[PDB]
């Protein structure tokens, strides 16, 4: 026999302040792909489930003398909606939305256990150091001590724009590429989230978002908030020149009697 059954050994993510480390949970599955590199027939979104210290599949994948190129993403999704491009391809859609752990995709190339290529001579692949695709942002809105006591502090139409011009609502991600988020079209209306909530005296509300990584023109993120019917605009120039997948962004807005106290934060990993 010139072929052996492939074994998916491990999967891990090393980017971002809070790392996934080696994935050892059942909760989510791993979607496995094989490209046409070295004349192999392509494999798309093969669902692998963590069982018996490895990632098992209902299907059998074979590797012969040819060196095989594998890619994986996590958490696995059925190839529909924003994941329709994974049915017979390696592209998925990243969409600006409220944070959802199930959508917080990481992806990467597979390599042979102990390095070298994956073939019948070493039919073991690992998906280590997968990178996250989305940029996370936490927005806190606080009713300041000096905010007008007669007003409701009603919050509507939280709007995100690069340089008060536009924002990418959706972008593409090729899980067989290292480009990260690419393509898409920047929308002039920006990303709009309308919670329509009243912030009571001394209280705060926090929203968690996930956005496709994208440039911040002139290093500016504009946030528009309609406070008790009045449209307010905040320019944030201290988040860097782009929203990046490996970083956690924080914006805090405190509404006072005369303005907004703006607190911006960037969390990153600097490894030795």
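Numbering follows the first chain given and starts at 1.
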Next item on the list: Between 93-101 and 151-159, point out the one with the higher average CA B-factor as the PDB entry records it.
Entry: 151-159
Next item on the list: On mean C-alpha B-factor from the PDB entry, just flag whether 49-57 or 219-227 is the higher one.
Entry: 49-57
Next item on the list: Among the candidates 82, 142, 177, 164, give the one with the maximum CA B-factor reported in the record.
Entry: 164
Notebook entry, point to check: Would the CA B-factor of residue 34 place it in the lowest, middle or highest third of its chain?
Noted result: lowest
Notebook entry, point to check: Among the chain's modelled residues, which third holds the C-alpha B-factor of residue 10?
Noted result: middle
Check: Where does residue 23 sit by CA temperature factor within its chain: lowest, middle or highest third?
Finding: middle
Next item on the list: Looking at the entry's B-factor column for C-alpha atoms only, identify whether residue 41 ranks in the lowest, middle or highest third of its chain.
Entry: middle
Note to self: Where does the C-alpha B-factor of residue 69 rank in its chain, lowest, middle or highest third?
What the structure shows: middle
